[PDB]
Structures are given as structure tokens and as C-alpha cells.
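This document opens with one chain alone, in C-alpha cells, the form deposited in one PDB entry.
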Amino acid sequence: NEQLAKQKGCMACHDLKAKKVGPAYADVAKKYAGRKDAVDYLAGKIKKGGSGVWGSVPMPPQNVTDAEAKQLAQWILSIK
């Protein structure tokens, strides 16, 4: 039960629900940092959408310019 889980400290490491459908950017950065074409790969996913890397729910194509997608990929790849 929930307050049992709270009392035993479990919620220090677990949440009840993933609020968001997409991966946190820091996890995207971890998965791709140190890989050579990740800015092209990420920019393309942001602009055109994709599914199946993290789960079944897809990301729709996003209304960004090629420049904006590239900058967002670069930003995400800099996450510390």
C-alpha cells in the first residue's frame, strides 16, 4: 500500500506514475553522448517524429525548422 511504501522510504527512488510519455532529455543525452552522428539523428527525429526506441507511443513530427531541430539536438546533447 501507498503509505507503507512512503514509510519504508521507497518513494525516494520510485514515483507512482511517469507523468510524461517521452524520455527525460538527460536520458536521451546519456544514450547518445559520445556517438558520432547523434546531432543528425536527433534533429531528424525531432523534425519527423519516430517511435519504438523508448516505447510504443510515437513522437509526432514537430513544427521546427531544420535549424531549430539541430539546435535542440545540440542542446539536448549538452545536458549535464
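Between two forms, the rigid core is defined as the largest C-alpha subset superposing within 1.5 Å. Only residues modelled in both forms are compared. All residue numbers are counted from 1 along the displayed sequence.
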query: 44-52 versus 31-39 - greater average Cα B-factor per the deposited record; finding: 31-39
query: Cα B factor band for residue 4 (lowest, middle or highest third within the chain); finding: middle
query: Residue 11 - Cα temperature factor, lowest/middle/highest third of chain; finding: middle
query: Cα B factor band for residue 18 (lowest, middle or highest third within the chain); finding: highest
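Here the subject shifts to the form deposited in another entry, a form of this protein not shown in this document.
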{"item": "Core-superposed comparison between the shown form and the other one, residue 24 Cα displacement 2 Å or beyond", "value": "no"}
{"item": "Yes/no, residue 9 Cα shift of 2 Å or more between the shown form and the other one with rigid core fixed", "value": "yes"}
{"item": "Large-shift segments between the shown form and the other one, meaning 3+ residue runs whose Cα move 2 Å or more when the rigid core is superposed", "value": "1-19"}
